[PDB]
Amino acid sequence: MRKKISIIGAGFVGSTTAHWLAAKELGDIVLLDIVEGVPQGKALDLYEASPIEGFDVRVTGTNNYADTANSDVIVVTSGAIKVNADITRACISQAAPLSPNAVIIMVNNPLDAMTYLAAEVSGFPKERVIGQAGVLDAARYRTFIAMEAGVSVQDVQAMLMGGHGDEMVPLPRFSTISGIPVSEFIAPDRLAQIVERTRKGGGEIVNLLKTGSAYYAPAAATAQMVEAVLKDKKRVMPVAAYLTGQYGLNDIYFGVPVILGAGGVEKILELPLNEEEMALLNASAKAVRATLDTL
């Protein structure tokens, strides 16, 4: 049978994630929400786009968790700390039991903390509970680099760590264009400006939309992670993963480079960060730790 993906939270990010996934014909999609009608309408609307696009994907909406049973992947985009903590706990507690073999991909903020909560509530192997944050952030960074350098976005690669904004750990040294260091194309001061724009990337969209936050890129990032699992592509990407010593961090979810596949986090990469980079990471880890304790 076809793969099955359940998206919990049929808002901007969740519905847009269904759109990116449907276009890829990766599997049947179930959009769940607590609000009646909303997921049903968005799912049917997207389903009706299928004859036009040519993909055979069963997109259904629902308010009943039973419809998410036996999912291969569970995406959680239901978030609006306390508020999201209750929402996240409610979603995972009802979804996890019905899909014991699924890989959970958290999107709700505060991301690192919510992913940790999902791991606790689900009791799933740590490798199968991850969060999306770094793929989006690296995507904004890669976009800015391509724009500035005047090259194809298909030729820019970048790795970064930590969490959102001030918790983000930029790593320009670990970004290249067709294998060439970005420093060969962009000078230090301009690169520093791009790093700052990346840190503020989410807020930049918020300040523009006025009524909500970003969704096209966040959903694309999430969909790419879902694809990595379903097709066991073994993508090397920054993801919120559970650490057991890497970078000197224990008992915490933190954005780190991993090889993402059908088994979820199949490997946590260990970068040879210099002292400057480690200082940024330590400060981030402390802030992420603070949010974790509050949780």
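Counting begins at 1, following the sequence as shown.
Colleague: Checking chain continuity here. Are there deposited residues lacking coordinates between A80 and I81, and if so is it 1 to 3, 4 to 9, or 10 or more (or none)?
Modeller: The entry has 10 or more unmodelled residues between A80 and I81.
Colleague: Going by the average Cα B-factor in the PDB entry, point out whether 14 to 22 or 268 to 276 comes out higher.
Modeller: The stretch with the larger average C-alpha B-factor is 268 to 276.
Colleague: Averaged over C-alpha atoms, is the B-factor higher for 197 to 205 or for 115 to 123 in this PDB entry?
Modeller: Result: 115 to 123.
Colleague: Which of these, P181, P110, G131, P188, has its C-alpha atom at the highest B-factor, as the entry lists it?
Modeller: The C-alpha B-factor peaks, among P181, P110, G131, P188, at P110.
Colleague: When the CA B-factors of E148, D155, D137, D86 are compared as recorded in the entry, which is the largest?
Modeller: That would be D86, according to the entry.
Colleague: Give the position of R142 by CA B-factor within its chain, expressed as the lowest, middle or highest third.
Modeller: For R142, whose C-alpha B-factor we compare with every modelled residue in the chain, the answer is the lowest third.
Colleague: Quick check on the deposited entry: does the C-alpha B-factor of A219 sit in the lowest, middle or highest third of its chain?
Modeller: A219: CA B-factor falls in the lowest third of its chain.
Colleague: Once the chain's modelled residues are ordered by C-alpha B factor and cut into thirds, is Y65 in the lowest, middle or highest one?
Modeller: Its C-alpha B-factor, which the entry lists for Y65, ranks in the highest third among residues of this chain.
Colleague: Considering only modelled residues of the same chain, in which third does the CA B-factor of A90 rank: lowest, middle or highest?
Modeller: According to the entry, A90 has a C-alpha B-factor in the chain's highest third.
Colleague: Taking the entry's C-alpha B-factors for this chain, is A262 in the lowest, middle or highest third?
Modeller: It belongs to the middle third of the chain when residues are ordered by C-alpha B-factor.
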